[PDB]
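Have a look at the structure below, then the notes.
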Amino acid sequence: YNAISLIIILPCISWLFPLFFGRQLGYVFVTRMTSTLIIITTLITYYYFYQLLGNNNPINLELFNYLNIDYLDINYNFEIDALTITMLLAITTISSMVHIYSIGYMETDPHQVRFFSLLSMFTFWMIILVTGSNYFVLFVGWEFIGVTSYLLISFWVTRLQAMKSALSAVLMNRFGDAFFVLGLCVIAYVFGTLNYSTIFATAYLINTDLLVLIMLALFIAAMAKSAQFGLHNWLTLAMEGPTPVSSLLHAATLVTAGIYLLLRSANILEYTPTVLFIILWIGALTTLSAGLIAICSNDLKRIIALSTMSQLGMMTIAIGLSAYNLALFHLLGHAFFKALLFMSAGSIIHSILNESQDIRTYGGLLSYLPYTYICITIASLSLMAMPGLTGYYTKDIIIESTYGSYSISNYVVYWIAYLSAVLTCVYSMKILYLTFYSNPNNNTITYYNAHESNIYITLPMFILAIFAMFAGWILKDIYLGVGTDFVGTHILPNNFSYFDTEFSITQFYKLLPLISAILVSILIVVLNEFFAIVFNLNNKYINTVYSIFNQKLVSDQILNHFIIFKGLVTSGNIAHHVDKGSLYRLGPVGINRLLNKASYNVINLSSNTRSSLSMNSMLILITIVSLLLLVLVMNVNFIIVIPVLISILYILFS
Amino acid sequence: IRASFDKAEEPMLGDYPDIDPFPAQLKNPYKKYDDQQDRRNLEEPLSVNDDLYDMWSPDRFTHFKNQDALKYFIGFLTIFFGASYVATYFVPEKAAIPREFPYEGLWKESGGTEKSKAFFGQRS
Amino acid sequence: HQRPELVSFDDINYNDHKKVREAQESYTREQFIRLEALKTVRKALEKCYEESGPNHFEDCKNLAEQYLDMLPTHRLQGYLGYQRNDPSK
Amino acid sequence: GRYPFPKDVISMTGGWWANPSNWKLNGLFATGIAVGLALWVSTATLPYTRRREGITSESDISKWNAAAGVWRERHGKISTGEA
Amino acid sequence: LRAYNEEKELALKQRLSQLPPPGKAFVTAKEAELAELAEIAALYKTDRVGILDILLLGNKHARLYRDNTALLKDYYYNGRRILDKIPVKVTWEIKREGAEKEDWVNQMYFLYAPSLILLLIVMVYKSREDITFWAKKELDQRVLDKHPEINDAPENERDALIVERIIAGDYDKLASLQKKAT
Amino acid sequence: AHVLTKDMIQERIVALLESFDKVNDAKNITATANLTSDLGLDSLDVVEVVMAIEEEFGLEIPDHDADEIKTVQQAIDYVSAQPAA
Amino acid sequence: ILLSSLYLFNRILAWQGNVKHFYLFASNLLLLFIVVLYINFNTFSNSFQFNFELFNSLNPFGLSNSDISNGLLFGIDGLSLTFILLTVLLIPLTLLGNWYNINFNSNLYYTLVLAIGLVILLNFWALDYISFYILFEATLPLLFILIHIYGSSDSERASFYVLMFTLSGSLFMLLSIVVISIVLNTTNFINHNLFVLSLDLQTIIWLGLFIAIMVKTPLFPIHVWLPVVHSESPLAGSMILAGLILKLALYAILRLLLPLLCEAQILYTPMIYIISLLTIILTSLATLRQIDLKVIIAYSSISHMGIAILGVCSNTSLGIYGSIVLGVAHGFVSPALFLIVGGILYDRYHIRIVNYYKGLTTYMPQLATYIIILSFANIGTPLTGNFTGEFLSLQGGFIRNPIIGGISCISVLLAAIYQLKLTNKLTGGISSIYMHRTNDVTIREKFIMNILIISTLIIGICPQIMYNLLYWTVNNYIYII
Ligand SMILES: CCCCCCCCCCCCCCCCCC(=O)OC[C@H](COP(=O)(O)OCCN)OC(=O)CCCCCCCCCCCCCCCCC
Ligand SMILES: CCCCCCCCCCCC(=O)OC[C@H](COP(=O)(O)OCC[N+](C)(C)C)OC(=O)CCCCCCCCCCC
């Protein structure tokens with residue numbers, strides 16, 4: 001019994017055994033088998049976490065050599081430490097729940113063996129991603145979760161839009177991976193190694209320009225992974241895949257890898273205060289844009305995905321404050337209630353005969369689906385950081401850190417973050433009302449047939465509801481404790497400010513996000529139930545700004561017309577005008593034309609003549625005389641004869 | 001015919017049909033086609049740049065013109081960043097001093113050396 | 001375990017190919033020994049860091065500095081530079 | 001619900017609603033192989049497992065740092081920022 | 001192995017002669033003619049000669065057997081391709097499950113594939129004599145030859161002491177070889 | 001799951017038309033009744049009715065096929081022709 | 001033996017009438033023989049080992065035991081053994097990939113294919129400039145005949161391209177080799193790093209060698225022959241041309257150029273980096289607008305060759321190791337992709353236009369899985385040898401010039417784009433209306449694809465397994481004072 005070996009090897013079996021034996025086993029056995037393996041992995045992980053809190057002495061597993069070329073020695077090394085165990089808690093819990101949920105949610109689907117193998121594949125490669133002890137193992141996991149995301153978003157292969165969504169995701173994350181490879185090259189050159197131990201051993205002595213180069217490349221990679229406002233577009237397109245896929249990808253593992261890559265690099269990031277600044281302001285932009293788009297969206301999964309985008313921006317702000325523990329705790333807490341939101345949305349969608357995702361097409365369902373209502377309600381109130389709930393202990397303290405941060409200018413971030421927070425309430429209430437309170441908007445047969453889902457759906461929602469009520473309170477001391485030493489990241493003492501953000505905070509700032517949340521939630525509900533005109537006006541200008549927000553701050557158009565379409569036009573220019581234009585001209589086509597004219601001219605040098613004797617005799621006379629005169633010229637000056645020879649060649653061949 | 005890059009190819013055809021191109025995505029999807037997914041009928045002529053107008057080409061957005069969308073996107077970024085920068089000026093001052101540390105800022109604990117205490121060393 | 005005799009480019013006549021081959025192999029093998037020394041220093045540094053934690057900055061300063069010093073000079077460099085150039089002139 | 005599908009199309013994943021009639025026996029084989037593989041892996045990788053801290057003694061760490069200082073004094077090596 | 005028979009062959013030719021060309025020999029899709037097609041095509045997989053006769057005999061017999069085998073192969077494969085039935089069992093049975101070996105399998109599975117496995121094994125064990133291991137051992141031996149007293153130390157102390165000596169001192173010989181650089 | 005039958009479609013359409021206030025009479029609504037003629041529905045009113053039908057059976061009628069349905073039987077056969085409704 | 005084996009060949013031909021079983025057997029024996037040679041190859045020595053001389057004046061038809069060397073020299077070191085192993089792994093697969101689709105005049109076809117393989121294998125044994133050049137050119141007429149007689153509709157233009165472009169570059173290489181011959185009166189590779197020509201003459205000789213390299217690799221801007229030749233070639237031609245023949249140029253850089261013209265190479269490296277960056281970027285972008293499957297696959301090879309060039313000219317051990325590993329991995333994966341597009345799809349449908357193909361996953365799930373695997377291998381997914389080669393090549397390139405290698409890191413994205421754009425359309429969507437359902441991949445096609453995938457996976461998981469043949473090589477050619 002070795003916990004680390006089992007934690008790695010069991011999801012590998014749950015991945016590969018369906019691909020080897022699916023035709024022989026069938027989806028009944030495959031679903032039950034993969035779910036059981038993931039459950040056992042999750043249990044082993046929880047036990048390891050318990051012991052580690054007992055005794056923070058991480059296990060390492062050191063295996064065969066990958067490369068041992070000149071000074072670069074890379075090994076398949078894995079370790080489970082505090083950071084990794086927090087990641088693994090999220091990954092394994094959400095993965096086991098999603099596996100159980102999919103038995104019910106996908107019961108009708110013909111292709112369940114492939115689907116469950118792919119969910120297990122994603123779990124295995126994400127575990128590899130977080131457990132590796134050097135940047136190479138991290139990159140192996142990084143690229144394989146991208147491959148798995150491509151296979152999942154395009155799971156419904158016959159659907160054109162799904163294939164294009166998958167292509168979007170895989171290509172934007174390959175852009176990130178290009179900058180990742182750049183960073184790895186810089187790291188290997190500067191440090192002679194990719195191991196965490198050596199890089200964190202010597203990073204404080206390193207030249208700062210080099211550290212900025214490395215961290216900038218790594219941050220562009222994480223930006224694409226965690227859908228910051230540069231490279232977000234694929235995140236909402238990923239809602240083409242089945243809902244359990246969205247639950248796994250947007251809560252626990254995929255979009256968190258970027259955050260992890262910044263958390264694992266915090267020791268380097270302490271010495272790069274410029275990129276921390278860029279990280280901070282990128283996150284503020286991301287959270288604002290996500291909230292604004294969410295307020296004007298009508299697709300349930302799209303609103304939940306944009307909420308994920310806002311939360312990732314919030315974690316990125318935390319990173320930029322060097323409150324890495326804060327970002328880590330918010331990652332772990334956000335995973336649970338985000339997974340619950342997505343699973344509850346899946347229930348709502350399956351409760352409609354049409355299976356519509358338009359929030360404008362539901363409207364009275366509180367009476368019909370009380371349990372899905374209560375689950376989605378708990379998740380929303382966790383997101384809104386309502387008192388005594390898991391989201392409170394993460395979101396609120398991250399918001400307050402910005403005010404408590406030593407950097408003066410960071411005060412602006414406070415207000416940005418606060419606006420995002422209230423903006424969050426606005427969309428949560430909007431989906432809460434429009435789904436459960438409003439007045440029925442679907443036709444009468446849907447309400448007759450509207451029922452709750454099976455146990456396979458319901459039980460995971462119950463488990464994650466308990467998590468989203470209790471985990472934050474039971475874990476607040478591990479991650480946000482006055483001197484907790486569990487996550488051992490070396491924060492520069494000048495930077496550390498978690499005490500200042502608690503003692504220096506006033507009542508106005510410590511209380512204003514909470515009161516604003518409560519008041520805005522009530523406000524939104526009452527204005528919807530009593531003054532629908534204020535929301536449903538018809539102003540031309542307001543409809544315009546709403547249209548801006550509804551089409552993702554036209555970003556997706558901007559990308560598709562000015563980069564991608566322009567790039568395809570430029571590729572056409574290169575392929576037709578250069579490759580099949582100029583390059584064939586200085587090639588087969590031009591040479592063929594040239595030789596045709598030249599050969600024609602030389603053979604027709606004596607074309608129209610009738611008497612071969614007379615013409616050939618004239619040629620010998622002309623040759624003799626011309627050679628004499630040419631040589632006379634050469635005796636004079638050889639340079640003067642070069643143009644004459646050029647002209648003679650021109651006469652003969654052209 | 002319509003776009004600059006389709007026009008630029010006009011000298012490059014001799015005896016190929018000069019087709020006016022239309023993005024397949026914008027063809028109405030309730031008509032019937034031999035290939036419903038691609039919205040194409042058999043023997044239908046292709047534009048020379050057909051690969052940029054078929055269903056697998058990048059999606060086209062109709063609600064705004066591309067130029068106006070560029071205006072809105074730049075404007076959103078401009079107003080957000082300018083507002084944040086300006087707000088940086090009208091900022092309150094903090095009330096507590098940044099904290100300090102024994103041993104001249106623990107310059108020894110963060111590596112550091114007698115001869116090099118400015119590089120490594122806290123606020124003391 | 002083999003220990004071939006070391007041969008220098010500066011002593012030999014470039015027309016005995018056996019001596020030239022031995023000099024090339026000697027140069028390459030010495031570079032690989034240097035790489036081994038660098039790897040030893042780096043492994044000691046990793047051990048020191050993992051057992052020191054927050055006070056690695058103090059307890060591993062010598063190892064960190066020495067690893068960073070030997071990194072540029074203890075890599076493979078080939079023999080062609082030295083065989084085709086005579087440093088004296 | 002369901003629909004017809006071509007029966008000749010053989011996929012390693014089983015194709016459409018693959019639910020073989022003898023699936024319980026095949027599942028017993030598959031679980032046996034899974035248990036064997038997991039236990040072999042867990043046992044074989046045991047010698048390559050170790051804890052992170054308290055594996056080298058303070059004697060080794062201190063003397064290695066001392067030797068590196070010796071090396072840096074033989075060469076002329078000032079410290080970072082030491083100028 | 002010797003298996004030829006000229007007596008059989010010169011009659012097999014005429015038994016072929018009655019049949020239509022293998023291109024048109026099944027384009028009806030009576031069953032008696034199809035049954036003879038089944039038998040005569042089944043002759044293709046009944047191997048008719050071994051090595052002792054290809055090596056020893058002459059080219060007239062060879063040319064005739066070659067021709068016969070050409071038409072047999074045409075009949076067998078055309079019946080198999082149109083009817084979907086194997087020409088064994090002897091009237092055109094459907095039993096396609098198994099008993100179908102292609103003419104490349106033996107070579108690729110018993111010569112090529114074992115050769116590739118042997119190459120992988122050889123590479124694995126050749127990688128043990130890699131320069132990195134030699135130079136590890138050589139550094140250790142140089143240290144042990146310069147400071148033999150760490151031999152007297154017990155086993156578990158020994159490796160730490162070699163590491164200490166390596167760290168402190170520059171045991172390479174690169175600069176020694178660079179004589180003319182003073 | 002849920003499956004509709006020709007008579008269920010007919011009963012839903014008949015109740016739908018019975019609910020409409022612009023109609024001449026409720027008792028006169030037949031399966032082969034003409035909305036334009038028998039029920040005396042205006043040009044725009046039959047449009048409102050087609051829109052009601054699509055809002056009821058959850059489908060999307062194109063312009064060309066909407067204007068083609070003139071009788072109730074035509075509506076029923078159209079709604080039974082569509083798999084997802 | 002030779003007399004007896006010729007009798008064996010003659011009798012087999014008399015009785016069977018098809019030579020292909022004998023050729024498959026001979027090539028499998030050749031692979032086994034090379035493995036036996038590897039068993040007896042000493043790795044703790046940077047000297048050529050299995051040496052022999054042909055056409056010496058004392059023994060024109062035998063092996064030379066003379067004190068004067070005036071014949072053609074042959075022998076191997078670790079570098080050449082690597083490529084020889086790749087060659088003998090590939091040859092039987094190129095025979096087996098055309099087992100059923102060649103029907104008229106098949107004996108000549110298989111003879112041409114096997115001859116081309118044997119010529120390349122001998123080319124890797126050559127130990128002097130003239131023997132190398134002879135085996136370098138001898139493939140051109142065989143390829144001309146093979147493409148002209150057994151190629152697709154446009155195969156006449158293709159045969160003429162494959163002859164004329166390669167002759168064009170080779171003649172400038174011939175100028176360089178003649179200059180070396182008359183200036184040094186020696187031509188062999190054993191001691192040619194002992195001759196130091198004046199920097200000016202070095203600079204001149206380099207140009208001829210590099211023009212030949214530019215056409216054979218190929219590099220921008222003289223690459224445009226390769227898509228045509230690959231597209232119109234029969235399958236064995238494409239497999240040999242992409243898996244083996246292009247690797248001869250990388251081998252030529254290591255064997256013919258770097259040891260002799262070291263200083264000139266230092267001087268010329270920035271120009272090489274310009275050319276390679278142009279190759280990578282421009283050919284990757286030009287691939288996006290191609291409509292022929294085989295053309296797209298062919299264009300992919302050029303960009304990967306650019307990355308390999310950047311590695312091999314980086315003056316670092318990591319870069320040279322990455323270039324060699326990339327060459328080997330490309331030799332595994334590119335023939336597999338050519339097998340898919342010009343062997344499996346083309347033999348079922350006899351067409352290569354991308355518009356006709358869509359949604360193959362429905363009737364051919366196995367082929368779709370192969371396509372997905374080979375695509376992600378081709379764009380350098382880790383645990384594949386392609387990733388190791390590209391990553392090490394980019395490391396070396398970045399060290400050699402940080403700006404140029406840093407920009408070169410965009411190839412990850414660009415390759416992902418063109419490849420995944422093709423595979424997305426090939427596998428997804430509804431089955432195409434233009435084609436009828438055919439058989440899924442056969443046992444023979446799966447066997448070939450499985451061999452290639454296992455090879456690339458084995459060197460992707462543990463690239464170190466090549467080091468025992470190459471650790472001298474990664475130091476033999478760098479020029480550092
Ligand atoms: C038309 C194109 C231009 C043609 C110009 C070149 C024509 C060459 C004709 C091919 C003949 C070369 C291959 C046979 C020569 C090798 C014979 C031999 O015995 O090698 C000698 C070498 C050392 O042997 P030895 O010193 O006697 O000691 C033995 C101790 N037991 O023993 C060894 O170390 C073994 C060496 C193995 C070499 C591998 C050769 C692989 C290819 C063999 C056949 C290639 C046929 C190519 C046909 C197309 C034409 C190129
Ligand atoms: C499949 C999911 C993972 C399963 C892992 C289970 C491990 C159980 C035993 C591990 C022992 C071990 O790996 O040892 C590796 C041994 C010797 O290595 P070492 O130096 O003595 O010790 C290693 C640990 N160190 C260094 C920290 C002390 O060399 C090898 O064998 C490598 C042979 C390569 C064969 C070619 C690759 C074939 C790839 C096939 C892809 C299908």
Side-chain angles (χ1 to χ4, degrees), chain A residues 2 5 8-13 15-16 60-66 68 73-78 124 128 133, chain C residues 43, chain D residues 37-38 40-50, chain E residues 117 119-128 130 132-133, chain G residues 1-2 26-27 29-31 33-34 36-37 40-41 48-55 59 61-65 71-76 80-81 84 87-88 91 111-112 114-127 130-142 383-385 453-466:
Chain A
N2 170 216
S5 155
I8 281 140
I9 197 67
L10 286 171
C12 189
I13 281 172
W15 167 34
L16 294 175
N60 302 61
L61 169 76
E62 290 147 316
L63 289 192
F64 55 116
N65 180 250
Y66 176 72
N68 194 14
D73 193 50
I74 295 171
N75 290 281
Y76 288 100
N77 291 332
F78 308 84
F124 167 75
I128 289 307
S133 198
Chain C
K43 172 197 224 95
Chain D
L37 184 49
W40 185 75
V41 159
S42 159
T43 291
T45 68
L46 182 62
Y48 318 96
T49 43
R50 59 131 185 133
Chain E
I117 307 273
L119 171 61
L120 168 80
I121 288 156
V122 164
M123 290 160 57
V124 167
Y125 285 108
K126 278 295 208 265
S127 84
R128 272 138 160 276
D130 153 42
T132 222
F133 307 117
Chain G
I1 289 201
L2 297 173
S27 62
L29 297 159
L30 189 37
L31 162 74
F33 170 65
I34 294 304
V36 169
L37 284 178
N40 296 298
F41 177 92
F48 297 96
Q49 283 180 48
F50 293 92
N51 306 284
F52 60 99
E53 217 203 29
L54 300 180
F55 323 117
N59 209 14
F61 288 97
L63 302 187
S64 173
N65 66 344
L72 303 167
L73 266 195
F74 297 91
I76 55 180
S80 61
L81 190 47
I84 283 159
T87 299
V88 290
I91 287 162
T111 306
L112 292 173
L114 176 61
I116 292 166
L118 299 167
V119 175
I120 294 159
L121 171 64
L122 199 47
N123 205 160
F124 282 120
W125 282 80
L127 250 177
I130 302 297
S131 65
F132 185 90
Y133 186 87
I134 292 165
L135 301 161
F136 215 48
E137 319 311 305
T139 53
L140 303 195
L142 298 169
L383 299 182
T384 289
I453 296 171
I454 297 150
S455 306
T456 205
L457 281 183
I458 275 158
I459 64 168
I461 279 131
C462 190
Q464 192 69 19
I465 202 138
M466 277 164 70

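Quick note on labels: first sequence line is chain A, next is B, and so on, each numbered from 1. Computation of the quantities below employed the complete heavy-atom set of this structure, encompassing side-chain atoms and omitting hydrogens, waters and symmetry-equivalent molecules. First listed ligand is number 1; within each ligand, the first listed atom is number 1.
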Handout entry: Heavy-atom protein neighbour under 4.0 angstrom from atom 15 (C) of ligand 2
Key = yes

Handout entry: Side chain proximity check, A:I8 to A:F124, heavy atoms < 4.5 angstrom
Key = yes

Handout entry: G:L73 vs G:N51 side-chain heavy atoms within contact, under 4.5 Å
Key = no

Practice task
Could you tell me whether the side chain of G:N59 reaches within less than 4.5 Å of the side chain of G:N65, counting heavy atoms only?
Solution key: no

Practice task
Determine the minimum heavy-atom distance between G:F41 and G:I76, stating which atoms define it.
Solution key: CE1-O, 4.2 Å

Completion exercise
For atom 12 (C) of ligand 1, the closest protein heavy atom turns out to be G:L54 CD1, 3.9 Å

Fill in the blank from the handout: If you scan protein heavy atoms around atom 3 (C) of ligand 2, the nearest is A:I9 CD1, 4.5 Å

Practice task
Answer yes or no: is there a side-chain heavy-atom contact under 4.5 Å between G:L135 and G:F74?
Solution key: yes

Practice task
Could you tell me the residue and atom name of the protein heavy atom closest to atom 4 (C) of ligand 1, and the distance to it rounded to 0.1 Å?
Solution key: G:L135 CD2, 4.3 Å

Practice task
Specify the protein heavy atom at minimum distance from atom 24 (C) of ligand 2: its residue, its atom name, and the distance to 0.1 Å.
Solution key: A:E62 O, 3.2 Å

Problem - Plane angle bin for G:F52 and G:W125 - parallel if under 30°, tilted between 30 and 60°, otherwise perpendicular - result: tilted

Handout entry: Side-chain touch G:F132/G:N123, heavy atoms, less than 4.5 angstrom
Key = yes

Problem - Closest protein heavy atom (residue, atom, distance) for atom 5 (C) of ligand 2 - result: A:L63 CD1, 4.6 Å

Handout entry: A:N77/A:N60 under side-chain hydrogen bond (donor to acceptor under 3.5 Å, both in side chains): CA gap, chis, key distance, verdict
Key = CA-CA 7 Å; A:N77 291 332; A:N60 302 61; over 6 Å; no

Handout entry: Sub-4.5 Å side-chain heavy-atom contact between G:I84 and G:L37
Key = no

Exercise for the section: Considering only protein heavy atoms, determine whether one is less than 4.0 Å from atom 20 (O) of ligand 2. Expected result: no

Handout entry: Heavy atom of protein inside 4.0 Å of atom 21 (C) of ligand 1, strictly below
Key = yes

Problem - 4.0 Å protein heavy-atom contact status of atom 34 (O) of ligand 1, strictly under - result: yes

Completion exercise
In this structure, atom 44 (C) of ligand 1 is nearest to the protein heavy atom G:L118 CD2, 4.9 Å

Exercise for the section: Around atom 2 (C) of ligand 1, find the nearest protein heavy atom and jot down its residue, atom name and distance. Expected result: G:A138 CB, 4.0 Å

Completion exercise
The protein heavy atom nearest to atom 30 (C) of ligand 2 is A:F64 CB, 4.8 Å

Handout entry: Sub-4.0 Å protein heavy atom near atom 1 (C) of ligand 2
Key = no

Practice task
To the nearest 0.5 angstrom, please state how far the CD atom of G:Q464 sits from the CE atom of G:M466.
Solution key: 11.0 Å

Practice task
Sort out for me which residue in G:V88, G:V36, G:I91 forms a side chain to side chain contact (heavy atoms under 4.5 Å, CB included) with G:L31.
Solution key: G:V88

Handout entry: Nearest neighbour in protein (non-hydrogen) for atom 51 (C) of ligand 1
Key = G:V119 CG2, 3.5 Å

Handout entry: Within 6.0 angstrom of C:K43 NZ, more than 12 heavy atoms from elsewhere
Key = no

Practice task
Please indicate, with yes or no, if any protein heavy atom is found under 4.0 Å from atom 26 (C) of ligand 2?
Solution key: yes

Practice task
For atom 11 (C) of ligand 2, find the nearest protein heavy atom and state the residue, atom name and distance (0.1 Å precision).
Solution key: D:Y48 OH, 3.8 Å

Exercise for the section: Check ligand 1 against G:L63 and write out every atom of the ligand that is under 4.0 Å from a heavy-atom position of the residue. Expected result: 18 (C), 19 (O), 21 (C)

Practice task
Would you tell me whether A:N68 and E:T132 have side-chain atoms, one donor and one acceptor, within less than 3.5 Å of each other?
Solution key: yes

Completion exercise
atom 41 (C) of ligand 2 has as its nearest protein heavy atom G:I461 CD1, 3.8 Å

Problem - Any donor-acceptor N/O pair, D:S42 side chain to D:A38 backbone, under 3.5 Å - result: no

Problem - Any protein heavy atom nearer than 4.0 Å to atom 26 (O) of ligand 1 - result: no

Problem - Heavy atom of protein closer than 4.0 angstrom to atom 30 (C) of ligand 1 - result: no

Exercise for the section: Please write down residue, atom name and distance for the protein heavy atom closest to atom 40 (C) of ligand 2. Expected result: G:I458 CG1, 4.5 Å

Problem - Within-4.5 Å side-chain heavy-atom neighbours: G:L118 and G:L30 - result: yes

Fill in the blank from the handout: atom 34 (C) of ligand 2 sits nearest the protein heavy atom E:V124 CG2, 4.3 Å

Exercise for the section: Please report which non-hydrogen protein atom sits nearest to atom 41 (C) of ligand 1, along with the residue it belongs to and the distance in Å to one decimal place. Expected result: G:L121 CD2, 3.8 Å

Completion exercise
Closest to atom 6 (C) of ligand 1 by heavy-atom distance, out of G:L142, G:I120, G:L122, is G:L122

Practice task
With heavy atoms of G:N51 as the reference, note each atom of ligand 1 found under 4.0 Å away.
Solution key: 22 (C), 23 (C)

Fill in the blank from the handout: Closest heavy-atom approach to atom 13 (C) of ligand 1 among G:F50, G:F33, G:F52, G:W125 is made by G:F52

